[PDB]
Each structure stands twice: as structure tokens, then as C-alpha cells.
2 protein chains.
Amino acid sequence: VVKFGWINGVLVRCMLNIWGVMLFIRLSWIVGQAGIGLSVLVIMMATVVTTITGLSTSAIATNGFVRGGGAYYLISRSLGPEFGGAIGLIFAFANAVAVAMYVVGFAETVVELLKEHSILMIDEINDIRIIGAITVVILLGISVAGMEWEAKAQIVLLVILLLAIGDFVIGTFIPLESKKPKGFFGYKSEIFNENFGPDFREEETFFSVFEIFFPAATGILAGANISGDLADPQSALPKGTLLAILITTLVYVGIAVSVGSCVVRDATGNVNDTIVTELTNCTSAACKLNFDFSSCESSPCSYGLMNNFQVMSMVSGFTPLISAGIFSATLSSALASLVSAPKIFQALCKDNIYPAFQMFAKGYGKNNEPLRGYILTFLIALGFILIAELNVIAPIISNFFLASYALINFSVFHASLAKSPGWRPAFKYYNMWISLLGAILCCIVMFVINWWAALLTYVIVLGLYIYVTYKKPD
Amino acid sequence: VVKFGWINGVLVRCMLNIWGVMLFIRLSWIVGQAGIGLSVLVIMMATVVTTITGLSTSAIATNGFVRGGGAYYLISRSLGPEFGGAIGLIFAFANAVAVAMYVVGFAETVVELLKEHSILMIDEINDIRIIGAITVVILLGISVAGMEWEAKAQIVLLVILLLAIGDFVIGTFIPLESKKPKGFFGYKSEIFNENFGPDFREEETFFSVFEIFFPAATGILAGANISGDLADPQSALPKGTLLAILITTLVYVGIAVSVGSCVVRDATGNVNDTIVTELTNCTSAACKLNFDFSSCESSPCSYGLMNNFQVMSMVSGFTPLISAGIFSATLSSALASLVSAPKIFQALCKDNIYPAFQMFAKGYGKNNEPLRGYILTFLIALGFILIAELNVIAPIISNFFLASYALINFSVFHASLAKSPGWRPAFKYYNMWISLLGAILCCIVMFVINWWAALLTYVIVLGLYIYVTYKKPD
Ligand SMILES: CCCCNc1cc(C(=O)O)cc(S(N)(=O)=O)c1Oc1ccccc1
Ligand SMILES: CCCCNc1cc(C(=O)O)cc(S(N)(=O)=O)c1Oc1ccccc1
Ligand SMILES: [Cl-]
Ligand SMILES: [Cl-]
């Protein structure tokens, strides 16, 4: 009913859907585990996968008018409604569970802050899910309040993220002597010269780092998810998604190098730990920074780039501003996924290729708003939160986004190589073997990311294919 | 030019192509490693895969007239000439390399017999390849002598197998006291009661047993390989292949249970090892059979169901008859594969879907005899013999037959489930989901048998697909 296009929708939705819970919490630990010279490489590899998927989605976008939904209609019209429906359903489930993961990360950070600050609630183990129930109810309420309300919430949350990043960079740029027990020392070149090497940890490897980091990098093409509600389809999507991926990669690289050069892996924060600069053996950069707060090798000391989780916030002044940055990032990501998934399910139900899902069709609202999809995603997310401890199935579903991207790329490759009556791409570049390379990279990542879960993913895709084909749509 | 059908071709070719080098050598060791209660199970599982593949091939056969070749034309006419050519090429390569491995196993057994009997040649390590070259020359000479010549050789070789099995069963049925140091004791119930349990060994497991045994069970549907030279296509193939698989499974089960109940895992063959039957502790079945030739647990003793390799021959009188049995079986299997592969390559080259293979087309001879394919298979086999030590790449090519079977089963499933204009099966049974279940078994076995080699097989199939698609045949 309301046509809004490139700027607001694409920019803020991509910004706050790629910027997940990882950025402020997991990034510091993952860059303290792996040096900058290799964290940059892993971010660049994930960026390569992301940008090839974006180019592939843009290639499908410039073909022609999109009826609606996301990957579903694209895969259907390109390489068969059976694959289209399978990919749409699997990706909708992936997004519906990513909603629960985003909001449970929100729950973890909020309960950690609450417990640290003043008090704690009864049964802190499940207090995360307890607060998650109410915050998911609130998120559903604000999401089902039309599109203008959610757009306003998205833009103000992006503003909050921008102010949080500004506070972070301002705090790091200005050195403070109060953080002598901590790793923050003010961009000392000693910390930089000791961080460009891949200095791993006890049990984490390159592939463990990649599987921890990657779910942050997914959430792209959210504009393509809701292509049926954009003012300028087939034109805004490429120029928006490419710029969003570029800026997100740049900000990840910048924050990674800054936090790597700003902190140290050995910060024994304690009252006794001072900057006396005692004439010790000086094997580590501790004495080069401060004589006290050293000797973390013998026993596991307090924290610092290896154990701390509020390092990204405590590095800069006004810690509540950073914490609100975490809250806004996770809430915005959950909102973006919770809006993207049900309209895709509506696209699935529109063509009636699934006889069983007669319901969950177009309902109330001035536009084609799938409220029933909103309730369905609400219930799925609530059930998965009630399950709790999502890390166990985190790499089970980490390859469902891989499945979606790989089917996108393979569909583009099949439509380009094998001539089709209506392929007719329009975006200017498109060496079509790049889509094949992206598909191969997606499959390689799938096999790396819990190969058993990958095999289960192909089994589920084949089951969906045989189910939809046996139903003989007509 | 000559139409010969069910009896001679189908019967003898299936008998002598499924009956490979394994039966007389590896079977005794594998049944000494895996008990009857589990060896029967593994044989039955391989039989289930084999018979599902046979039923699937029969389903394709009764559709209509076959132009020629094997899985190539079937897969093409069912689900695309691209997959047809990919499957035909990969299966032809698999058969061409299996020829080399069959003949090098023949080389191993013949050089072992020669070294044991009178003398040995220089450089016994490569004496196997030395004799293999000349015996491959003899094989190509007898194979390129028309169809009647190879049929006569095949039938006389199969007769030799019948006499070998008769000698074996006659020797086992009649107990001999001369084999007291050996495990042959005359169907004593003590040996049977102590062998029906899955008594494994140091490092071999169930899946190692499966990967060792399975290449014996492959070689089926050789009549379907040469469907272009059969008197009664689409009618003889099912009733022949099913009966051949049934009888081969029955003879494997019978020989396995007989050799299990006939020998023991502890036969310390030595002059001191007698049948004195001393009153020892008698924890093992040795003293239960004969007091001497016991105590093989402390140190690795001579042989017997765990180390012996000519036990299948020494169990029965007239060992040279058994040795001729091995020779005839391996020569017949190599001949069958060396006849099946090049006509399939001829079918590949006939449709010209591979433009680069302009040569290797129909040549001299009264019938459509692909001599150029004979030389091609000769060169590939000679190269792989010169490579030597084929066991390293045995699990590599073990999944190529799995690939052919899985694609054939998926062909039947896709043609039956997804409606096709000309499916029209005629064989009576066909609960169509059996094709799906067999395809799933084939994929699971592929993953078990060197999952990395399975992944390589999928990569090669995808490469062949994209190569044949990019060439845009018209
Ligand atoms: C299939 C989609 C998965 C989304 N989950 C996710 C997204 C991001 C991100 O970058 O947006 C980062 C991570 S994380 N903490 O680095 O592993 C994620 O895993 C979570 C999130 C919170 C709780 C436990 C696991
Ligand atoms: C892809 C097809 C392979 C066929 N090769 C094969 C067939 C059979 C059989 O049952 O016909 C048994 C075996 S074996 N000795 O059990 O491993 C085989 O592998 C050999 C053979 C001899 C030397 C080393 C490996
Ligand atoms: Cl996605
Ligand atoms: Cl085969």
C-alpha cells in the first residue's frame, strides 16, 4: 500500500541485519584468539562469499519484475518451482530460528548486565529465556504495527549504533591512564607489533573461528527478502546491497584492527597490578606496557582479550552507551529477521505449491501483510527460546543460510550457462563463472561447518523436493 | 551381426563378472575376520544394493528398445543426455580400471603360486606387472577375436569354475586326518558354535569388511552393458540378471558358512603340532579339536583363517584344480569388464555429445565392433598396471560403481515420481520407493567407502555435467 525504496529500507535494514550480536561481544574474543593478519583474512573470505551472493541476487533482480518474497520466487522462476519452494521454506525456517538466536543473545547480554550491575533474578540459568519471552512479545507487538513504525524503529536503532561506534572510536582514540590494569593502553606500537601474527589458542582453530564468526556476516539481501514491498524493485537492490556489504566489511576490518592494536592478550586486572615497570625478565609485552599485571601464562588470570566480554565496552568511556549499542544491535537484527521471514512464507503460500499450507495466506492490513506468518514465526522463536542453549544447534542451522546462498548461486549459474528464454541480465560486470565459484565456496563452507549438519541439510532439501514433486501441483 | 540372447550371454557373463578374484582368496580371510552371523549380514546388505540396482535396470530395460551401450543411453533417455554422457564416461573409466586391477590380482596369485611351487623371477615386486603385461596382451588377443570366440572362452571358464566349486565342496564334505595341523577338521560342531559370533580382529571393523568385500559384488548387469548385441533386448535382461544375482548370493552364503564351519582361526601348522589331544586347560577350540597346534594368542603363529591365503585350496584335494579356479575366475572377470567398457564408450561416441571424441567411433568388423575402444581400454589398463599397487586407489574407484548405481536408481525414481511421457514400465512388482531406498543405500555406502573419494566423485560428476552442458550439443 505504501511504496518505500532504496535509501531507508535497504540501507537501515541491511545495516542492522548484518550487524548482529557478534560485533560488540564475540569480535573482541575472536580477534584476541587469532591475530589481525588472519582475522582480516577470515573476514575477507566471508566477505567474498557474501558479495558473490549479493551479486548473484542482483543478477536475478535485474532480470524482471518480482512478484514478491525473497529467494523463493527467484529460484522458482529461474530453475524450477520445486527448488524455489524448497529454498524458500528452508530459508524461512532458518530466519525464524535466527530470530530466536538473536533475541536469546539479547537475553544473555541483558541478564549479564543486570546481574553485574545491581541484582539478579531467581533461576538465572533460565532467566535469559524468562526475559526473552517478554522482549519477544514486545518485538512482535512493534513489528505488527505496520511498516512505518518498524522503519522508524529501524532508523533510530541505526542512529543508536552509529553513536555507539562513535563513542567507541572516541574512547580508543584518547588514551586513559585509568585502564593500566586492563589491556587498554592507547594504541601502543608494542601491542600492534605483537598482534599481526596468527597467535592461536589452546583448542580453537581457523575453522572454529570461521564457524563462530560467520553467522554475523549473514543477514544480507534483507531488501530482497521483502522485494514485494519496495518502491523501486530490480533497481535499488544491487546498488544498495553492494554498498551495504562494502561498508559492513570496512567497519568490521576497522574495528578488528583497532581493538587488536588497542588491547593486549594478557591484562591481569587487579589492584596490585600497577605500572611500576619492575625490571623483570621481560619475555612478554607486559613489562613493555606495565610491570604489574603480568605472568598470565602460569595460571589463567582475570581477563583481557582472551576472557573479557565487556572489553569492547569498557575500552571507551560511557559504558552504558556501548551497552545500549549491544541492545540496539541485537534488537534491530531480531526485528529485521522477524519481518523478513513471514513475508517469504507468504510468498511460499501465495503460489499454492504446498496444498497442506492452505492457511497462512494473505490477510488483514492495507498491504499484503502476512499476520498469520507473524504469529507462526513468533511461536517458532518462542519454542526455540524455551529449548534454550542455542549454541548446540548453532552450526546445525549455520549451513541453512549456506543452503540458501548456494541454491541462489547455482540457479544463476544454471540459468546463465544453460540458455534460458528469459535470462536477460542487466547489471554491468558479471563474469558468470564467479557465480559458480561462489557456489563452490558455499558448498565448501557447508562441509567445513559441521559436515554432518551439511549432509542433513542436503537430505532435508531432497526430502522437500520429493515431497513437493509427489504432490503434483497443477 | 549375430544375435545371441538370454542363456549364454546373460548367464555366463553375469556369473563370471560377479564371481571375481575375491571368492577364492579374500573370502576365507574376511570370514575369519567377521563371523557367520555378521558375514551373512554384510553379504545380504551388498545383495540388497545389487538387487535394487538390478530391478532398477530391469525397469529401464522393459521401457523400450535400447539403441546400445549400458547406463549411458538409459540415463540419457530418462533424465537428460548430459547426465547420460557423464554417467557413461565415468562408468566406462571405472570398468577400464577394474580390468587392470582384476588382471593385476591375477598376476599376484600366479606369481605367488610360481614362487611357492618351483622357482621365482628377478624383481618379484614388479614380476606381477611383468607377467601382467603379457597376460593382458593375451587377453586382448582372445577378446578381439569376435563374439563367438569370447563366448566359448567364457563358457569354458565358467565350467572350470563349476569344477572348482565341486572339488572344493567334495574336499570339505570328506574329512581328512592329514590336515590336523591345519584348521580343516571335518565340519566339527565345535568350530561352528565358536564362529557364528562377530569375532573381529586387531584393526578391521564392519565398514572395513564392507569396503573390502563390495568390489567383488559389483560387475552385475554386464548384459545391460552390451544391450546392443543381444538377441532379445528388454526381455532377457531382467529374468537373467535377477536369477544371476540370486544364485550368486546363494553360492556366496553357502561357501561362506561352509568355510566358517570347516576351519578354525587357530591352526598352528607345524610338525610338532599333532592331534595328541593333551589334557590342557581348553579355553580355546584348538585342544577341543587337537591338543597340538595351539597357543596362537601369545605370539603370531603360522596361519589359519587369519593369515593363510591358500586355505581355500588346501582345504580340498587337488590344489592345482583350485588354482586353475582362481585363474579362470579372474581371467573371466577381466575379460567381461574389458568387453563391457569399450562398447559403452562406443555408445558414448555414437551420439557425438562429446565433440572432442570425434575418433573412437564404429570401425571394422561385421557388427558394430569398437576396436579403437579396445585399444583405449588396453592402454588405460596397461598404465594402471604399470602404476602397480592398486589397493591404494581401490576405494577411490569403489564408489564409481556406486555412482553408476545411484544415478540409475535416481533415474528410475525421477522418471516414475515426476511424470514422463514415455516411462511405461512393464516388470511386475515395482513398489517405486524401492528405487529411492536403493539410491539412499548407494549414497550411504559411498560416504562410508572413503567419504573423501565420494566427494571427489561428486566433483567429477559435476565437472562432467558442466563440461557437457557448456559444449551445447545440437
Ligand atoms: C543461522 C543464523 C544464526 C544467527 N546467530 C548469530 C549471528 C551472529 C551475527 O554475526 O549476526 C553471530 C552469532 S555468534 N554469537 O558469533 O555465534 C550468532 O550465533 C549466536 C548468537 C547468539 C547466541 C548464540 C549463537
Ligand atoms: C571398482 C571395481 C573393483 C574390482 N576389484 C575387486 C573385485 C572383487 C570382486 O569381488 O570381484 C574383489 C576385490 S578385493 N581383492 O576383495 O579387494 C577387488 O579389489 C581388488 C582386487 C585385486 C587386487 C586389489 C583389489
Ligand atoms: Cl539469506
Ligand atoms: Cl555397473
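Residues 282-755, in that order, are what chain A shows, numbered as in Swiss-Prot.
We read in the header that electron microscopy, 3.6 Å was used to get this structure.
Placement of Cβ uses the backbone N, Cα and C atoms for every residue, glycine included.
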Annotated companion of A:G500, A:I501, A:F682, A:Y686 at the chloride 2 site, Swiss-Prot, chosen from A:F364, A:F372, A:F374: A:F372
Recorded disulfide counterpart of A:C563 (Swiss-Prot; options A:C568, A:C577): A:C568
Same-side flag (membrane), A:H398 vs A:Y468, source Swiss-Prot: yes
Candidate from A:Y353, A:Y354, A:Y383, A:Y468 that Swiss-Prot assigns to the same K(+) site as A:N298, A:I299, A:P496, A:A497, A:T499: A:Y383
N-linked glycosylation site per Swiss-Prot (candidates: A:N506, A:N553): A:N553
Of A:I299, A:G301, A:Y383, A:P496, A:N562, A:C582, recorded positions neighbouring ligand 4, Cβ under 6 A: none
Proximal residue to A:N553 (N-linked glycosylation site) among recorded positions A:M303, A:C563, A:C582 (C-alpha distance): A:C582
Extra residues within 8 Å (Cβ to Cβ centroid of A:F372, A:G500, A:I501, A:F682, A:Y686), chloride 2: A:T334, A:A375, A:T499, A:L502, A:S685
Where the C-beta lies under 6 angstroms from ligand 3, the matching binding-site residues among A:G301, A:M303, A:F682: A:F682
A:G500 (chloride 2 binding site) versus recorded positions A:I299, A:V302, A:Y383, A:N562 - nearest by Cα: A:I299
Other CB atoms within 10 A, centred on A:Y383 (K(+) binding site): 28
Rounded Cα-Cα span from A:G301 (chloride 1 binding site) to A:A497 (K(+) binding site), Å: 5
Extra residues within 8 Å (Cβ to Cβ centroid of A:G301, A:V302, A:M303, A:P496, A:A497), chloride 1: A:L304, A:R307, A:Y383, A:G386, A:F494, A:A498, A:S614
